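Just so it is clear: chains get the letters A, B, ... in the order the sequence lines come, proteins before strands, and each one is counted from 1. Indexing begins at 1, ligand by ligand and atom by atom, following the structure's order.
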Amino acid sequence: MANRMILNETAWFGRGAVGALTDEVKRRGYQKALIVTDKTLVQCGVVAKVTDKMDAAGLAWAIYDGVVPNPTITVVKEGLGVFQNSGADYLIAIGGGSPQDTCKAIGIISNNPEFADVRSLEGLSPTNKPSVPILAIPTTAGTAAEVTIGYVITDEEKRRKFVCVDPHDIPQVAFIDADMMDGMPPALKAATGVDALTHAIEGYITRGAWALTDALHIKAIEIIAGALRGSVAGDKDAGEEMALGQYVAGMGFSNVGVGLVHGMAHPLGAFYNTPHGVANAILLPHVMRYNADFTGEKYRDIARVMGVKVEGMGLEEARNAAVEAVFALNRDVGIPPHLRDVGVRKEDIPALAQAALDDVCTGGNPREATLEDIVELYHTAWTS
Amino acid sequence: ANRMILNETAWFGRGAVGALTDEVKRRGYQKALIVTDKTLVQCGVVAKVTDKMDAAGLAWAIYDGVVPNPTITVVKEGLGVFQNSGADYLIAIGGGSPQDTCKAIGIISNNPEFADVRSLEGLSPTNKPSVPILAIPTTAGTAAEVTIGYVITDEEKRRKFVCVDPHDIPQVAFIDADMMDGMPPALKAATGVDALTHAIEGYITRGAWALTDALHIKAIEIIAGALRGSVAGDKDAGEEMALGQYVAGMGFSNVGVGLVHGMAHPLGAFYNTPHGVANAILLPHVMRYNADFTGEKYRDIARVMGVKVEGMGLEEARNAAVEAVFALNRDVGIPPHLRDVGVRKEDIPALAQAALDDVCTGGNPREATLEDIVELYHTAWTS
Ligand SMILES: Nc1ncnc2c1ncn2[C@@H]1O[C@H](COP(=O)(O)OP(=O)(O)OC[C@H]2O[C@@H](O)[C@H](O)[C@@H]2O)[C@@H](O)[C@H]1O
Ligand SMILES: Nc1ncnc2c1ncn2[C@@H]1O[C@H](COP(=O)(O)OP(=O)(O)OC[C@H]2O[C@@H](O)[C@H](O)[C@@H]2O)[C@@H](O)[C@H]1O
Ligand SMILES: COc1ccc(CC(N)=O)cc1OC
Ligand SMILES: COc1ccc(CC(N)=O)cc1OC
Ligand SMILES: [Fe+3]
Ligand SMILES: [Fe+3]
């Protein structure tokens, strides 16, 4: 009956926020960092924005940049290997979900060595010790990996993404700095932006929802719906709004759950390596329609903060307005409307529906999802 | 760039103290010193926690010497008990007074150079985190469980001083209306308007930004909605108040308050006035004073406080916001004038000077002069 909230003890918000990291490291007396990132962020000079400030304050660092989209067991093991031979006593996550989730796995397994197979971390990880201290710097807007107690690792052998949930993995400090995010191509702003929206909407209507998370989620929907078109077009101010809104969504959904969008999205990541945000975006409006009659008054709120005039609308009419508002936003930021558009195969749907039913996220969905329900949703989402 | 310090872990709702035994075992702590006051031992509130700790086999000693507006003496005495207790962590059970006493003890224990206590004033230059604190509020009230601030009374200099330190943040908060139900109506009323003050002052403070604005406006809405119900003794309203007071804490701790708290602290020092009653009497008068320096923010306050602001000009809505606060104060049975609770006309000059010097006053959106604070005390005083 009582509800738990895990949050960052310390976080810095706004352009220039990464400038606070050298001070926070010195006040905690940490000796050497392993920075967990990917190739693109080294090559575009984003990592250098941090390693330059660390050089100027005389703080030692090694780099692991082997992280691929939808990080694998292989990538976790390889990164853990580098951390142990680096002599580091803390971690700095620089990137979107992929590096930040890779970083959490490494930080957990280092101080809980019985999980070295990594796949045994799935579900409520029964870890005894806190993670290696993590300092988190997101470069997408965003997975909110910096504030959530969750991370998603791809099992190549079993061809599935598995969710690990553990209060021990919470970063010590987050640095939410739109300066780190500006380099996102439009399509990445669009995808990660609707991933943030999905978190906010799924979180708002999830079974575990209560007053505090409702307050956070509805605020994040308002910020994201307001700013995402601006940000994809390349507006400085909208990009900062998105940086905050994606985080506020994290503060909610981490603590209560999401639903069938994330459940149906994870198999698409496993099977095709589909960007998490694109899969969520295509699925979100179809799953909202499916969930509609099981969400009380909450679609009125979604539609209103998304710019629709809901006064004088009936409950069912407002529920349609909320779904149409999400279709419209997807059209406007250039996310295709059908799963076949991103190479999902008609024949896989049975195996996809089964993976979706078994995914941790699906138990939070407000309408109780059957195998045949998920099959029909994939089909409706696949073509017209 | 703006910083947010929050609880890493907190539990919300009736029964939330049921999670403590689990949280202590997962952190491997051996023995607690519970910091509380006599009333909370006598009303069986402390026993609700020590019973659950007995059943899980977790050791505890108790310090119950905390008085309202905790003193340097009380901090020193409590620190003495903690060192001779063999405890390795702290459990705060009470409102601001025990929770603030507990933070001082936890800080000074691991930063022994502050044993005089009064050297903690301002941004405490502490090197080491506090002794781990687990916080259980029994008032709907100070948000001591989530803020990086604590207020200690200096008897010798006759002033309350604010200590601000990220090292004092509790590890876990337990926000449990079950622990709060035993508040007499007048205590629910006072601590409830202290929460409102935090929310309103925090909303309009100089350091305010989007995230704290979002928290504060939600807390104003919850408190304005629930406080009448809670004081009358409604179970559900008491839980709403328990959440709303906390959400206010998540904001103001990180950005600041203003001239209400600045003017309230001297009234605590001079007369031992309950913090919530002083804030309540002052709040509407300081809002009127601040009105012309708060942009559009009083529209928002008035709207979430149940006023229809759509047809209203800016100045008309600013008045509606102030009248909404007067009405709520009247309704929960708070005396409406400072003279009613024994504030003396002759002290106002010394009161105004203490207010000008208080840390809280630098956050106020309108820059306050000595003469301004003098005039505010006078207008707040009249029978
Ligand atoms: N600022 C940036 N500028 C340009 N490219 C960037 C930037 N930040 C990241 N990228 C690139 O975007 C691509 C996607 O990066 P991810 O980290 O995979 O993206 P994100 O959506 O943040 O994370 C998805 C991952 O997180 C999990 O929640 C989810 O299930 C999935 O595993 C990569 O090529 C990465 O290098
Ligand atoms: N649940 C309760 N049931 C009964 N009595 C209670 C309860 N909670 C508190 N009390 C009693 O109410 C009185 C006031 O307690 P405080 O802790 O002083 O109340 P609060 O308003 O929470 O604390 C204010 C303090 O915090 C600082 O911010 C402020 O400067 C001031 O020192 C005391 O006698 C205390 O025992
Ligand atoms: C169960 O809640 C979660 C579901 C999915 C994720 C990964 C993500 N960012 O989408 C994290 C979670 O938090 C515990
Ligand atoms: C300067 O900020 C503060 C002003 C007042 C207090 C005490 C209170 N809660 O009434 C705490 C503060 O810091 C968190
Ligand atoms: Fe996601
Ligand atoms: Fe206060």
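For A:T139, a nitrogen or oxygen atom sits less than 3.5 Å from a nitrogen or oxygen atom of ligand 1, counting backbone and side chain alike. The shortest N or O to N or O distance between A:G97 and ligand 1 is under 3.5 Å. Here's the thing with A:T148: none of its N/O atoms is less than 3.5 angstrom from an N/O atom of ligand 3. Inclusion of A:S98 in the set of residues having an N or O under 3.5 Å from an N or O of ligand 1 is warranted.
In B:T142, the part holding a heavy atom less than 4.0 Å from any atom of ligand 2 is the side chain. Contacts with ligand 2 closer than 4.0 Å are made by side-chain heavy atoms of B:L187 only, the backbone lying farther away.
In this structure, A:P185 has a heavy atom closer than 4.0 Å to ligand 1. Not a single heavy atom of A:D195 lies less than 4.0 angstrom from ligand 1. A heavy-atom separation below 4.0 Å is found between A:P99 and ligand 1. Using a 4.0 Å cutoff on heavy atoms, A:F253 counts as a contact of ligand 3. Residue contacts with ligand 3 include A:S254, since one or more of its heavy atoms lies under 4.0 Å from the ligand. At least one heavy atom of A:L41 sits less than 4.0 Å from an atom of ligand 1. Using a 4.0 angstrom heavy-atom cutoff, B:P274 does not count as in contact with ligand 2.
The residue among B:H275, B:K188, B:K160 with a heavy atom at the shortest distance from atom 32 (O) of ligand 2 is B:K160. The heavy atom nearest to atom 10 (O) of ligand 3, out of those in A:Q246, A:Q100, A:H199, A:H266, is found in A:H199. Heavy-atom proximity to atom 35 (C) of ligand 2, evaluated over B:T39, B:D37, B:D100, is greatest for B:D37. Compare A:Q100, A:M184, A:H199 by their heavy atoms: the one nearest to atom 3 (N) of ligand 1 is in A:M184. Of the candidates A:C361, A:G150, A:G364, A:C361 brings a heavy atom nearest to atom 5 (C) of ligand 3.
Side-chain contact, A:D169 with A:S131: no donor N or O sits under 3.5 Å from an acceptor N or O.
For B:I175 against B:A173, the heavy-atom pair with the smallest separation is CD1-CB, 3.7 Å. Taking each heavy atom of A:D101 and A:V152 in turn, the nearest pair found is OD2-N, 3.0 Å. Between A:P167 and A:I149, the shortest heavy-atom contact is CA-CG2, 3.9 Å. The two residues A:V232 and A:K189 have their closest heavy-atom pair at CG2-CB, 3.9 Å. When all heavy atoms of B:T101 and B:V66 are compared, the pair lying nearest together is OG1-CG1, 3.7 Å.
Near B:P70, the atoms of ligand 2 lying under 4.0 angstrom from a non-hydrogen atom of the residue are 32 (O). Taking every heavy atom of B:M179 and a limit of under 4.0 angstrom, the matching atoms of ligand 2 come to 1 (N). Interface atoms of ligand 1 facing A:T192, defined by a heavy-atom separation under 4.0 Å, are 21 (O). Applying the 4.0 Å criterion to heavy atoms of A:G96 picks out, from ligand 1, the atoms 17 (O), 22 (O). Shown in contact with A:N70 at under 4.0 Å from a heavy atom are these atoms of ligand 1, numbered in order with element: 31 (C), 32 (O). Counting the atoms of ligand 1 from 1 in the order shown, those under 4.0 Å from a heavy atom of A:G183 are 3 (N), 4 (C).
Counting protein heavy atoms only, atom 9 (N) of ligand 3 is closest to A:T143 O, 3.5 Å. Closest to atom 7 (C) of ligand 3 among all protein heavy atoms lies A:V152 CG2, 3.5 Å. In terms of protein heavy-atom proximity, atom 1 (C) of ligand 3 is closest to A:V165 CG2, 4.3 Å. With respect to atom 9 (C) of ligand 2, the closest heavy atom belonging to the protein is B:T139 CG2, 3.5 Å.
Salt bridge A:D182/A:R15: present, at least one basic N to carboxylate O contact under 4.0 Å.
Rounding to the nearest 0.5 angstrom, the gap separating the NZ atom in B:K160 from the CG atom in B:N69 is 4.0 Å.
Taking a distance limit of 4.0 Å, we find that atom 15 (O) of ligand 1 is approached by no protein heavy atom.
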Checklist entry - Does the salt bridge (charged side-chain N to carboxylate O under 4.0 Å, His left out) test come out yes or no for A:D155 and A:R119, once each step is laid out? => result CA-CA 7 Å; A:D155 182 344; A:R119 82 220 308 150; 2.9 Å; yes

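Between A:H199 and A:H217, a ring centre-to-centre spacing not shorter than 6.0 Å is recorded.
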